[PDB]
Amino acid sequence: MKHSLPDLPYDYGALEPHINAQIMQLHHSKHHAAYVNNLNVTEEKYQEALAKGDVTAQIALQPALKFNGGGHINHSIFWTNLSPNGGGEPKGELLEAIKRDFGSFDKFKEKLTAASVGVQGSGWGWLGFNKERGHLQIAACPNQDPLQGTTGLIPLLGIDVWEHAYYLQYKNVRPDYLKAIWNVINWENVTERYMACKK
């Protein structure tokens, strides 16, 4: 059905000094663009194999489908999770859910930071919503494996810990990047995603 690179909801430098403009521009215009481009190529090749009934070709295409498809899913959410007007704490029912499920907002930040810094290799840290249990949940995903597609949790807030998300600015020091990104979390967007999870 054709996938497209979404416009960034802000200027490439809007998240400075926490994530610099060179990273944002590369991350959106090169990395996410490649995922979209390679996803469209892979989807067309899957339509051919499916019409041909070639199951071997379908299975051979699965790694590229999950990698680029997950990449598209994850980054499309990620851009909306950040804002130049972000930072601080959420309000209302989301903040109450965070206190109820994690103890406090500070304890939640520790848990999500720990999950993000604990990713060995490329991956993502996620705050998600468990619809079956009706409460928040933190999970980590490898490479571009998307949260809902691989675990069923509804994504609320994602932290990209691929090296291209921080290396130009923070080099190997991923914890400095994790501390900085809290200043640009768009809690308005995370609240919207949380409210959508409830009828």
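In case it trips you up, residue 1 is the first one in the sequence shown, and so on.
Relative to its counterpart among 80-88 and 104-112, 104-112 has the higher mean temperature factor, C-alpha atoms as listed in the PDB entry. Two stretches are in play, 190-198 and 2-10, and the higher mean C-alpha B-factor belongs to 190-198. Between the residues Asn38, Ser29, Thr150, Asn172, the entry's highest C-alpha temperature factor is the one at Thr150. Of the candidates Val161, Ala34, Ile138, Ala57, the one whose C-alpha carries the top B factor in the deposited record is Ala57. Residue-level temperature factors show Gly71 in the lowest third of its chain, judged at the C-alpha atom. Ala51 sits in the highest third of its chain by CA B factor, as recorded in the PDB entry. Ranked by Cα temperature factor within the chain, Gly134 sits in the highest third according to the deposited record.
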